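final.cif follows; it contains mmCIF, C-alpha atoms.
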data_model
#
loop_
_atom_site.group_PDB
_atom_site.id
_atom_site.type_symbol
_atom_site.label_atom_id
_atom_site.label_comp_id
_atom_site.auth_asym_id
_atom_site.auth_seq_id
_atom_site.Cartn_x
_atom_site.Cartn_y
_atom_site.Cartn_z
ATOM 1 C CA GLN H 1 17.637 4.035 -12.924
ATOM 2 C CA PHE H 2 16.641 5.151 -9.506
ATOM 3 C CA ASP H 3 14.391 8.164 -9.243
ATOM 4 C CA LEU H 4 15.634 9.750 -6.083
ATOM 5 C CA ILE H 5 14.436 12.805 -4.254
ATOM 6 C CA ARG H 6 16.852 14.635 -2.087
ATOM 7 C CA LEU H 7 15.355 16.185 0.993
ATOM 8 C CA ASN H 8 16.811 18.932 3.093
ATOM 9 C CA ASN H 9 17.076 16.627 6.053
ATOM 10 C CA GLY H 10 19.398 14.310 4.120
ATOM 11 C CA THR H 11 16.708 11.828 3.267
ATOM 12 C CA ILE H 12 16.937 10.363 -0.126
ATOM 13 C CA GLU H 13 13.470 9.293 -1.026
ATOM 14 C CA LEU H 14 12.656 6.877 -3.735
ATOM 15 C CA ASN H 15 10.017 8.608 -5.733
ATOM 16 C CA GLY H 16 7.260 6.118 -5.184
ATOM 17 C CA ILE H 17 7.041 2.380 -4.930
ATOM 18 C CA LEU H 18 10.072 0.388 -5.745
ATOM 19 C CA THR H 19 9.172 -1.498 -8.828
ATOM 20 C CA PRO H 20 10.252 -5.037 -9.614
ATOM 21 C CA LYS H 21 12.871 -5.798 -12.122
ATOM 22 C CA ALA H 22 12.055 -6.832 -15.627
ATOM 23 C CA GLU H 23 11.762 -10.333 -14.255
ATOM 24 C CA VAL H 24 8.200 -10.444 -13.120
ATOM 25 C CA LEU H 25 5.611 -13.009 -12.150
ATOM 26 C CA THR H 26 3.631 -12.490 -15.382
ATOM 27 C CA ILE H 27 8.361 4.097 -19.966
ATOM 28 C CA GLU H 28 10.639 7.094 -20.182
ATOM 29 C CA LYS H 29 10.298 9.691 -17.451
ATOM 30 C CA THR H 30 9.480 12.477 -19.818
ATOM 31 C CA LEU H 31 7.742 15.686 -18.964
ATOM 32 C CA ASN H 32 4.338 16.839 -20.007
ATOM 33 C CA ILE H 33 3.394 20.407 -20.810
ATOM 34 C CA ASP H 34 2.559 21.501 -17.336
ATOM 35 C CA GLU H 35 5.620 19.834 -16.012
ATOM 36 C CA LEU H 36 7.790 21.752 -18.406
ATOM 37 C CA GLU H 37 6.185 24.997 -17.350
ATOM 38 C CA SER H 38 6.481 24.023 -13.727
ATOM 39 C CA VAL H 39 10.154 23.377 -14.044
ATOM 40 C CA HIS H 40 10.617 26.754 -15.571
ATOM 41 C CA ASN H 41 8.511 28.498 -12.983
ATOM 42 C CA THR H 42 10.297 26.597 -10.285
ATOM 43 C CA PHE H 43 13.562 27.799 -11.627
ATOM 44 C CA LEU H 44 12.645 31.441 -11.709
ATOM 45 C CA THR H 45 11.062 31.110 -8.350
ATOM 46 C CA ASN H 46 14.216 29.557 -7.013
ATOM 47 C CA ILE H 47 16.287 32.450 -8.268
ATOM 48 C CA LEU H 48 14.015 34.867 -6.605
ATOM 49 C CA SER H 49 13.669 32.689 -3.558
ATOM 50 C CA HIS H 50 17.222 33.338 -2.702
ATOM 51 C CA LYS H 51 17.115 35.430 0.440
ATOM 52 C CA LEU H 52 18.863 38.373 -1.119
ATOM 53 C CA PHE H 53 16.036 38.938 -3.558
ATOM 54 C CA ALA H 54 13.091 38.802 -1.145
ATOM 55 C CA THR H 55 12.461 42.514 -1.164
ATOM 56 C CA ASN H 56 8.703 42.262 -1.252
ATOM 57 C CA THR H 57 8.404 40.539 2.086
ATOM 58 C CA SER H 58 8.783 40.930 5.830
ATOM 59 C CA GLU H 59 10.495 37.570 5.727
ATOM 60 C CA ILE H 60 13.675 39.056 4.328
ATOM 61 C CA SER H 61 16.014 39.722 7.115
ATOM 62 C CA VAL H 62 16.720 43.364 6.554
ATOM 63 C CA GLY H 63 20.422 43.109 6.789
ATOM 64 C CA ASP H 64 21.502 43.129 10.396
ATOM 65 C CA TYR H 65 23.237 46.350 11.247
ATOM 66 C CA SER H 66 22.030 48.393 8.260
ATOM 67 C CA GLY H 67 18.431 47.366 8.802
ATOM 68 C CA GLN H 68 17.870 47.189 5.055
ATOM 69 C CA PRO H 69 17.186 44.417 2.493
ATOM 70 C CA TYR H 70 20.481 43.285 1.021
ATOM 71 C CA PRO H 71 19.682 44.790 -2.435
ATOM 72 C CA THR H 72 19.203 48.166 -0.874
ATOM 73 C CA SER H 73 22.776 48.061 0.226
ATOM 74 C CA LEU H 74 23.929 46.451 -2.974
ATOM 75 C CA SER V 1 -23.740 -15.820 3.757
ATOM 76 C CA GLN V 2 -23.092 -15.977 0.034
ATOM 77 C CA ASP V 3 -21.834 -12.433 -0.324
ATOM 78 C CA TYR V 4 -19.999 -12.590 2.921
ATOM 79 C CA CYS V 5 -18.194 -15.609 1.648
ATOM 80 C CA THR V 6 -17.399 -13.913 -1.601
ATOM 81 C CA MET V 7 -15.978 -10.983 0.312
ATOM 82 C CA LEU V 8 -13.876 -13.321 2.364
ATOM 83 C CA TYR V 9 -12.710 -15.139 -0.697
ATOM 84 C CA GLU V 10 -11.459 -12.062 -2.383
ATOM 85 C CA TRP V 11 -9.720 -10.950 0.716
ATOM 86 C CA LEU V 12 -7.945 -14.268 0.975
ATOM 87 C CA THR V 13 -7.144 -14.912 -2.663
ATOM 88 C CA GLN V 14 -6.771 -11.368 -3.994
ATOM 89 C CA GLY V 15 -6.027 -9.279 -0.919
ATOM 90 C CA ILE V 16 -9.036 -7.226 -1.692
ATOM 91 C CA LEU V 17 -10.836 -5.395 0.961
ATOM 92 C CA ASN V 18 -14.181 -4.160 -0.199
ATOM 93 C CA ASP V 19 -16.580 -3.486 2.604
ATOM 94 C CA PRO V 20 -19.042 -0.616 1.903
ATOM 95 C CA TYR V 21 -21.240 -1.634 4.798
ATOM 96 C CA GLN V 22 -18.411 -2.158 7.268
ATOM 97 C CA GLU V 23 -19.260 -5.854 7.941
ATOM 98 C CA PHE V 24 -15.819 -7.358 7.584
ATOM 99 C CA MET V 25 -13.119 -7.549 10.172
ATOM 100 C CA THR V 26 -9.906 -5.924 8.944
ATOM 101 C CA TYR V 27 -10.561 -2.386 8.007
ATOM 102 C CA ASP V 28 -7.982 0.244 7.375
ATOM 103 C CA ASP V 29 -7.385 3.924 6.665
ATOM 104 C CA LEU V 30 -7.330 6.149 3.536
ATOM 105 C CA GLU V 31 -9.794 4.046 1.534
ATOM 106 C CA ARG V 32 2.319 6.228 -0.666
ATOM 107 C CA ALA V 33 1.175 5.772 2.927
ATOM 108 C CA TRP V 34 0.845 2.045 2.672
ATOM 109 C CA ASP V 35 1.761 1.074 6.279
ATOM 110 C CA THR V 36 -1.671 1.793 7.713
ATOM 111 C CA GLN V 37 -3.334 0.264 10.712
ATOM 112 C CA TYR V 38 -5.675 -2.625 10.385
ATOM 113 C CA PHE V 39 -8.567 -2.932 12.660
ATOM 114 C CA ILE V 40 -10.393 -5.928 13.871
ATOM 115 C CA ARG V 41 -14.046 -5.509 14.360
ATOM 116 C CA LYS V 42 -14.369 -7.996 17.113
ATOM 117 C CA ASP V 43 -18.099 -7.610 16.855
ATOM 118 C CA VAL V 44 -18.352 -8.913 13.278
ATOM 119 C CA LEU V 45 -16.150 -11.940 13.745
ATOM 120 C CA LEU V 46 -17.305 -15.432 13.004
ATOM 121 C CA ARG V 47 -15.521 -16.820 16.027
ATOM 122 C CA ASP V 48 -14.171 -15.391 19.195
ATOM 123 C CA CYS V 49 -10.654 -14.049 19.206
ATOM 124 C CA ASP V 50 -10.008 -15.119 22.747
ATOM 125 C CA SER V 51 -8.816 -18.673 22.114
ATOM 126 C CA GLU V 52 -5.275 -18.942 20.898
ATOM 127 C CA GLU V 53 -6.231 -21.074 18.015
ATOM 128 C CA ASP V 54 -8.751 -18.705 16.605
ATOM 129 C CA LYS V 55 -6.545 -15.728 17.127
ATOM 130 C CA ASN V 56 -3.925 -17.483 15.115
ATOM 131 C CA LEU V 57 -6.391 -18.203 12.399
ATOM 132 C CA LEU V 58 -7.588 -14.649 12.297
ATOM 133 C CA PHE V 59 -4.114 -13.372 11.970
ATOM 134 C CA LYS V 60 -3.290 -15.805 9.285
ATOM 135 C CA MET V 61 -6.293 -14.624 7.287
ATOM 136 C CA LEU V 62 -5.227 -11.101 7.811
ATOM 137 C CA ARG V 63 -1.685 -11.707 6.723
ATOM 138 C CA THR V 64 -2.803 -13.620 3.719
ATOM 139 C CA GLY V 65 -4.690 -10.721 2.322
ATOM 140 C CA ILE V 66 -1.992 -8.261 3.200
ATOM 141 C CA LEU V 67 0.679 -10.130 1.357
ATOM 142 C CA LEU V 68 -1.570 -10.276 -1.633
ATOM 143 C CA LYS V 69 -2.339 -6.584 -1.259
ATOM 144 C CA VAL V 70 1.347 -5.876 -1.380
ATOM 145 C CA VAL V 71 1.753 -7.923 -4.477
ATOM 146 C CA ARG V 72 -1.058 -6.224 -6.252
ATOM 147 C CA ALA V 73 0.380 -2.870 -5.363
ATOM 148 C CA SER V 74 3.886 -3.899 -6.304
ATOM 149 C CA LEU V 75 2.955 -5.204 -9.675
ATOM 150 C CA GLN V 76 0.441 -2.439 -10.223
ATOM 151 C CA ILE V 77 -2.285 -4.946 -11.037
ATOM 152 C CA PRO V 78 -6.004 -5.101 -10.238
ATOM 153 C CA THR V 79 -5.840 -8.799 -9.676
ATOM 154 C CA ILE V 80 -3.684 -11.790 -9.224
ATOM 155 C CA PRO V 81 -4.617 -14.559 -11.697
ATOM 156 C CA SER V 82 -4.834 -18.191 -10.714
ATOM 157 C CA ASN V 83 -1.952 -19.000 -12.984
ATOM 158 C CA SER V 84 0.253 -16.738 -10.936
ATOM 159 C CA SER V 85 0.918 -19.731 -8.726
ATOM 160 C CA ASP V 86 0.689 -23.471 -8.673
ATOM 161 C CA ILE V 87 -1.999 -23.146 -6.081
ATOM 162 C CA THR V 88 -5.490 -22.566 -7.255
ATOM 163 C CA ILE V 89 -8.279 -21.965 -4.820
ATOM 164 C CA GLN V 90 -11.947 -22.533 -5.336
ATOM 165 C CA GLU V 91 -14.594 -20.160 -4.197
ATOM 166 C CA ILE V 92 -16.424 -20.614 -1.027
ATOM 167 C CA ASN V 93 -19.802 -21.833 -2.073
ATOM 168 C CA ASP V 94 -20.944 -23.252 1.197
ATOM 169 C CA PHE V 95 -20.511 -21.257 4.327
ATOM 170 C CA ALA V 96 -21.991 -23.785 6.570
ATOM 171 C CA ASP V 97 -19.564 -26.338 5.287
ATOM 172 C CA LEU V 98 -16.650 -24.038 5.739
ATOM 173 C CA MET V 99 -17.675 -23.569 9.353
ATOM 174 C CA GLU V 100 -17.892 -27.334 10.070
ATOM 175 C CA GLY V 101 -14.480 -27.342 11.688
ATOM 176 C CA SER V 102 -10.968 -27.865 10.318
ATOM 177 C CA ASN V 103 -12.122 -26.939 6.819
ATOM 178 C CA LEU V 104 -11.771 -23.278 7.627
ATOM 179 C CA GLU V 105 -8.288 -23.615 8.848
ATOM 180 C CA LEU V 106 -7.224 -25.563 5.877
ATOM 181 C CA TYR V 107 -8.934 -23.269 3.465
ATOM 182 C CA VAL V 108 -7.070 -20.427 5.000
ATOM 183 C CA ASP V 109 -3.803 -22.297 5.072
ATOM 184 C CA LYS V 110 -4.057 -22.945 1.397
ATOM 185 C CA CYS V 111 -4.762 -19.291 0.799
ATOM 186 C CA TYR V 112 -1.908 -18.308 3.050
ATOM 187 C CA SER V 113 0.512 -20.677 1.458
ATOM 188 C CA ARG V 114 -0.440 -19.281 -1.890
ATOM 189 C CA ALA V 115 -0.005 -15.751 -0.715
ATOM 190 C CA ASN V 116 3.500 -16.600 0.413
ATOM 191 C CA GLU V 117 4.316 -18.468 -2.754
ATOM 192 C CA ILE V 118 3.424 -15.504 -4.845
ATOM 193 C CA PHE V 119 4.902 -12.984 -2.515
ATOM 194 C CA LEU V 120 8.214 -14.699 -2.131
ATOM 195 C CA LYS V 121 8.552 -15.244 -5.863
ATOM 196 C CA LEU V 122 8.162 -11.561 -6.236
ATOM 197 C CA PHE V 123 10.636 -10.684 -3.548
ATOM 198 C CA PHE V 124 13.335 -13.049 -4.656
ATOM 199 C CA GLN V 125 12.934 -12.524 -8.360
ATOM 200 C CA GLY V 126 11.180 -9.257 -8.901
#
I'd like the structure from this file rewritten - as structure tokens, please.
Amino acid sequence: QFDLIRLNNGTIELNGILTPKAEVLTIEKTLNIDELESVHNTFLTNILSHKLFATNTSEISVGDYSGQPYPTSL
Amino acid sequence: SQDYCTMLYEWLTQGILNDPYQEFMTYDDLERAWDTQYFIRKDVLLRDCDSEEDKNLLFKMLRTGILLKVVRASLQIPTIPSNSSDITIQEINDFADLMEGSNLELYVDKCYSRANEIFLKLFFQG
């Protein structure tokens, strides 16, 4: 039941306020349309966020000794 | 003092801070991130905060509203009803009377006790 966010620093964050139990003093985590699209975009982005595919940016380390983006060599 | 008193009442029985003209002591940030700093506008206080007794009273009033604030946030509710506890507190309808001595402290203690009753029920049940 716990909605937990894993962070890269090891933190597991509860996603929001911890709610009380059903016993109180006095539902489903479904996705909406944008959320579904977002998940999909996130996914494709993640594939292409892998370092080896970053051929459109100066941020890709261009190999090391070859001096080229990994896909050039591949 | 009628609106002032109402503002105080809601702070103490609901944990509601609503001060568009910045006249109330206990202001905070943002207007997540719930552990914000509270500020005491010494200059708008009813009493000094130099005596130990009044400092204690001021803090009790502060805590009272905070506990209630937590409860409202925790239960995701706009308000805490009177039937949420066995302690029901009447509105302040006479400022001068409240300021007559002792009455203020007791009014606050009742509010404080109530805030703890409600709060603790939540923490040990909710």
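Between atom CA of residue H:3 and atom CA of residue V:32 the interatomic distance comes to 14.9 Å.
Using all atoms listed in the file for every distance, the candidate list H:71, H:10, H:63, H:20 yields H:20 as the residue closest to residue V:122.
For the residues H:4, H:15, H:72, H:23, ranking by smallest atom-to-atom distance to chain V using only C-alpha atoms places H:23 first.
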Quick check on the file I pasted: which residues fall under the PyMOL selection byres ((chain V) within 12 of (chain H))? Write them as a JSON list (two decimals) with C-alpha atoms, in the coordinates of the input.
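Done, and the output landed in out.json:
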[["chain", "number", "residue", "atom", "x", "y", "z"],
["V", 32, "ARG", "CA", 2.32, 6.23, -0.67],
["V", 33, "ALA", "CA", 1.18, 5.77, 2.93],
["V", 34, "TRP", "CA", 0.84, 2.04, 2.67],
["V", 70, "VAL", "CA", 1.35, -5.88, -1.38],
["V", 71, "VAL", "CA", 1.75, -7.92, -4.48],
["V", 72, "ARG", "CA", -1.06, -6.22, -6.25],
["V", 73, "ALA", "CA", 0.38, -2.87, -5.36],
["V", 74, "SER", "CA", 3.89, -3.90, -6.30],
["V", 75, "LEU", "CA", 2.96, -5.20, -9.68],
["V", 76, "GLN", "CA", 0.44, -2.44, -10.22],
["V", 77, "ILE", "CA", -2.28, -4.95, -11.04],
["V", 79, "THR", "CA", -5.84, -8.80, -9.68],
["V", 80, "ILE", "CA", -3.68, -11.79, -9.22],
["V", 81, "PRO", "CA", -4.62, -14.56, -11.70],
["V", 82, "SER", "CA", -4.83, -18.19, -10.71],
["V", 83, "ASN", "CA", -1.95, -19.00, -12.98],
["V", 84, "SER", "CA", 0.25, -16.74, -10.94],
["V", 85, "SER", "CA", 0.92, -19.73, -8.73],
["V", 117, "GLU", "CA", 4.32, -18.47, -2.75],
["V", 118, "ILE", "CA", 3.42, -15.50, -4.84],
["V", 119, "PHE", "CA", 4.90, -12.98, -2.52],
["V", 120, "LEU", "CA", 8.21, -14.70, -2.13],
["V", 121, "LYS", "CA", 8.55, -15.24, -5.86],
["V", 122, "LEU", "CA", 8.16, -11.56, -6.24],
["V", 123, "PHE", "CA", 10.64, -10.68, -3.55],
["V", 124, "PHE", "CA", 13.34, -13.05, -4.66],
["V", 125, "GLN", "CA", 12.93, -12.52, -8.36],
["V", 126, "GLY", "CA", 11.18, -9.26, -8.90]]
Might you spell out which residues the PyMOL selection byres ((chain V and resi 100-110) around 9) would select in the displayed file, as a list in words? residues 12, 57, 60, 61, 64, 87, 88, 89, 95, 96, 97, 98, 99, 111, 112, 113, 114 and 115 of chain V
Evaluate the PyMOL selection byres ((chain V and resi 14-31) around 6) against this structure - the residues, as a count of residues only, please. 13
Any idea what the distance is between atom CA of residue V:93 and atom CA of residue V:46?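 These two atoms are separated by 16.6 Å.
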Would you compute an axis-aligned box for stretch 36-51 of chain V, covering every atom listed for it in the file with 4 Å of margin on each side, and report centre and edge lengths in Å to one decimal as AutoDock Vina command-line options?
--center_x -10.0 --center_y -8.4 --center_z 15.2 --size_x 24.7 --size_y 28.5 --size_z 23.0
Between atom CA of residue H:74 and atom CA of residue H:50, what distance in Å does the model show, to one decimal? 14.7 Å
Applying 12 Å and all atoms listed in the file, which residues near residue H:28 remain after dropping the ones on its own chain fewer than 3 positions away? List them as a count of residues only. 4
Residue H:58 surroundings by all atoms listed in the file, 12 Å radius, close-in-sequence under 3 positions cut, as a PyMOL selection string: chain H and resi 51+54-55+61-63+67-69
When you write stretch 32-61 of chain H out from the block above, keep N, CA and C atoms and present the result as an mmCIF file, in the first residue's frame, please.
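That gives us part.cif:
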data_model
loop_
_atom_site.group_PDB
_atom_site.id
_atom_site.type_symbol
_atom_site.label_atom_id
_atom_site.label_comp_id
_atom_site.auth_asym_id
_atom_site.auth_seq_id
_atom_site.Cartn_x
_atom_site.Cartn_y
_atom_site.Cartn_z
ATOM 1 N N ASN H 32 -4.416 9.040 -15.453
ATOM 2 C CA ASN H 32 -5.248 9.809 -16.346
ATOM 3 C C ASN H 32 -4.600 9.839 -17.719
ATOM 4 N N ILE H 33 -5.199 10.543 -18.657
ATOM 5 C CA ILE H 33 -4.688 10.512 -20.015
ATOM 6 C C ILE H 33 -3.293 11.052 -20.133
ATOM 7 N N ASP H 34 -3.040 12.192 -19.526
ATOM 8 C CA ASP H 34 -1.724 12.758 -19.650
ATOM 9 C C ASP H 34 -0.716 11.895 -18.972
ATOM 10 N N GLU H 35 -1.105 11.287 -17.875
ATOM 11 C CA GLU H 35 -0.197 10.436 -17.163
ATOM 12 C C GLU H 35 0.172 9.247 -18.003
ATOM 13 N N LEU H 36 -0.775 8.699 -18.746
ATOM 14 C CA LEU H 36 -0.437 7.570 -19.581
ATOM 15 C C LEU H 36 0.541 7.991 -20.660
ATOM 16 N N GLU H 37 0.315 9.167 -21.245
ATOM 17 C CA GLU H 37 1.224 9.625 -22.271
ATOM 18 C C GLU H 37 2.584 9.883 -21.690
ATOM 19 N N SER H 38 2.614 10.467 -20.501
ATOM 20 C CA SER H 38 3.836 10.801 -19.830
ATOM 21 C C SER H 38 4.634 9.570 -19.567
ATOM 22 N N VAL H 39 3.988 8.507 -19.117
ATOM 23 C CA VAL H 39 4.727 7.297 -18.861
ATOM 24 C C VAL H 39 5.371 6.822 -20.130
ATOM 25 N N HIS H 40 4.630 6.862 -21.214
ATOM 26 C CA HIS H 40 5.166 6.413 -22.463
ATOM 27 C C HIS H 40 6.320 7.292 -22.923
ATOM 28 N N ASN H 41 6.163 8.597 -22.799
ATOM 29 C CA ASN H 41 7.207 9.481 -23.235
ATOM 30 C C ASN H 41 8.421 9.286 -22.383
ATOM 31 N N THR H 42 8.191 9.054 -21.101
ATOM 32 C CA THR H 42 9.242 8.875 -20.141
ATOM 33 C C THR H 42 10.023 7.679 -20.534
ATOM 34 N N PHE H 43 9.334 6.614 -20.875
ATOM 35 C CA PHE H 43 9.962 5.411 -21.318
ATOM 36 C C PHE H 43 10.849 5.604 -22.521
ATOM 37 N N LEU H 44 10.327 6.225 -23.567
ATOM 38 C CA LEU H 44 11.149 6.390 -24.746
ATOM 39 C C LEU H 44 12.309 7.294 -24.458
ATOM 40 N N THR H 45 12.066 8.289 -23.627
ATOM 41 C CA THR H 45 13.098 9.199 -23.259
ATOM 42 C C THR H 45 14.162 8.433 -22.538
ATOM 43 N N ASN H 46 13.767 7.558 -21.621
ATOM 44 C CA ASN H 46 14.722 6.804 -20.856
ATOM 45 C C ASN H 46 15.570 5.940 -21.751
ATOM 46 N N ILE H 47 14.989 5.374 -22.800
ATOM 47 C CA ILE H 47 15.794 4.545 -23.681
ATOM 48 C C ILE H 47 16.854 5.393 -24.320
ATOM 49 N N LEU H 48 16.441 6.541 -24.768
ATOM 50 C CA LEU H 48 17.321 7.417 -25.469
ATOM 51 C C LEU H 48 18.109 8.298 -24.545
ATOM 52 N N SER H 49 17.936 8.118 -23.242
ATOM 53 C CA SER H 49 18.684 8.881 -22.283
ATOM 54 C C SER H 49 19.873 8.061 -21.900
ATOM 55 N N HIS H 50 19.916 6.816 -22.354
ATOM 56 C CA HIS H 50 21.048 6.033 -21.998
ATOM 57 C C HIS H 50 22.173 6.689 -22.737
ATOM 58 N N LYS H 51 23.297 6.839 -22.061
ATOM 59 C CA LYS H 51 24.469 7.527 -22.563
ATOM 60 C C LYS H 51 24.852 7.163 -23.972
ATOM 61 N N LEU H 52 24.745 5.906 -24.319
ATOM 62 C CA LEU H 52 25.192 5.440 -25.606
ATOM 63 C C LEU H 52 24.350 5.965 -26.743
ATOM 64 N N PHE H 53 23.192 6.525 -26.471
ATOM 65 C CA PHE H 53 22.369 7.034 -27.543
ATOM 66 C C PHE H 53 22.385 8.543 -27.654
ATOM 67 N N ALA H 54 23.154 9.232 -26.820
ATOM 68 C CA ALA H 54 23.110 10.701 -26.824
ATOM 69 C C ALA H 54 23.973 11.323 -27.927
ATOM 70 N N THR H 55 23.639 11.033 -29.153
ATOM 71 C CA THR H 55 24.490 11.449 -30.247
ATOM 72 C C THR H 55 24.230 12.853 -30.726
ATOM 73 N N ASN H 56 23.191 13.475 -30.207
ATOM 74 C CA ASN H 56 22.842 14.819 -30.593
ATOM 75 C C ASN H 56 23.336 15.841 -29.594
ATOM 76 N N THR H 57 24.196 15.433 -28.672
ATOM 77 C CA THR H 57 24.661 16.383 -27.687
ATOM 78 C C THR H 57 26.118 16.296 -27.320
ATOM 79 N N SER H 58 26.637 17.435 -26.880
ATOM 80 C CA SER H 58 28.005 17.600 -26.406
ATOM 81 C C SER H 58 28.212 16.903 -25.078
ATOM 82 N N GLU H 59 27.105 16.530 -24.458
ATOM 83 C CA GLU H 59 27.104 15.835 -23.195
ATOM 84 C C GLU H 59 27.501 14.374 -23.351
ATOM 85 N N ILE H 60 27.484 13.828 -24.571
ATOM 86 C CA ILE H 60 27.871 12.439 -24.663
ATOM 87 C C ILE H 60 29.361 12.433 -24.559
ATOM 88 N N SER H 61 29.900 11.548 -23.762
ATOM 89 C CA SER H 61 31.329 11.492 -23.752
ATOM 90 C C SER H 61 31.660 10.816 -25.066
#
